[PDB]
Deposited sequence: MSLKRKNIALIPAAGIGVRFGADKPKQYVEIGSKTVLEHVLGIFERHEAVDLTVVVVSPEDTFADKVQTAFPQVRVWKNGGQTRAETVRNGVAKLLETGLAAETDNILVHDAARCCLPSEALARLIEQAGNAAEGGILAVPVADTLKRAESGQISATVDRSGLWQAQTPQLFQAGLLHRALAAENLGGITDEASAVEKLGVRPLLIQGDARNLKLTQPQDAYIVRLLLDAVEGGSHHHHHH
C-alpha cells in the first residue's frame, strides 16, 4: 500500500547512446521495475526536449517546474508529490541522478528491500576501495583515512514527509536527512551504477548498455 516513487531531477542527460538518450535509459529502468509504483521527472520550465520524453513514457510524469539548483528542484518535486495527493507523508521517494543510466535491477531491488521498510531511509553506496588524497594545486597535500568510508550513489530512498522536512532548511539527499538526527542505511550500490560526468565515462556506459 505504501508506494515507491522514483524522483529524477533533470548536462549530459540528452546524450545519444544505444538508440535512446541517457534519460530514456534511466526512465526505462524504473518503469520496467516491478517494485516501483510511479516515476516523475522534474525538468526546467522551458525544457525543449522533455516534451518528447513524455511521448515514449506516458505513465511517467514530466513536470516543467524545476529550480535553479539540484537541491531546489528535488524540493519542488517532493512538495508537488505531497501537495497533490500522489504521495502520502509515509510514502518512499527514490531520488535518482539523471545521468546514472546503468542502475542494475537487483541493486534497485535491494534498495527497496532493505530501505523500503526502514524509517531512516537508505542510500546505494560502495565502500571506498582506493587510497584517498587531498590535492592542493596539482600536488598531494595529504592522505585522508578511508577507514569505513563509502561513496554515495543514487537512488536515495526516504519517506516523502521526512524528505520534505529535511530539505526545508548539503550535497545529497542523505546529508539533509543526517542533519535531522536520522542515520539513513548504507546499501551495497554497484560498480556499474556510475554517473556519466566525463567523456571517459561515456565509453564505459555505452559499453555497459550495449
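Residues 1 to 3, 14 to 24, 184 to 188, 230 to 241 of the deposited sequence, counted from 1, carry no C-alpha coordinates in the model.
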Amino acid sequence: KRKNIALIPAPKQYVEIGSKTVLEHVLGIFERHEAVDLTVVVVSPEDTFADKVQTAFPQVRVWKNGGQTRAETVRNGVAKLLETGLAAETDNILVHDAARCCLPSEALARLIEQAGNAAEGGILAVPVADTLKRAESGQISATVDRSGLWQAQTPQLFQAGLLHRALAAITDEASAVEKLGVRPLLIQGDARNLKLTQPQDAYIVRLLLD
From here on, numbers count along this sequence of modelled residues.
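Averaged over CA atoms, B-factors in the entry run higher in 41 to 49 than in the other of 153 to 161 and 41 to 49. The mean C-alpha temperature factor is higher for 64 to 72 when 178 to 186 and 64 to 72 are set side by side. Per the deposited record, the Cα B-factor of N117 falls in the middle third when ranked against the other modelled residues of its chain. In the PDB entry, a CA B factor belonging to the middle third of its chain's modelled residues is recorded for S147. In the PDB entry, a CA B factor belonging to the highest third of its chain's modelled residues is recorded for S137. In the PDB entry, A10 places in the lowest third of its chain by CA B-factor. Sort the modelled residues of the chain by CA B factor and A56 lands in the highest third.
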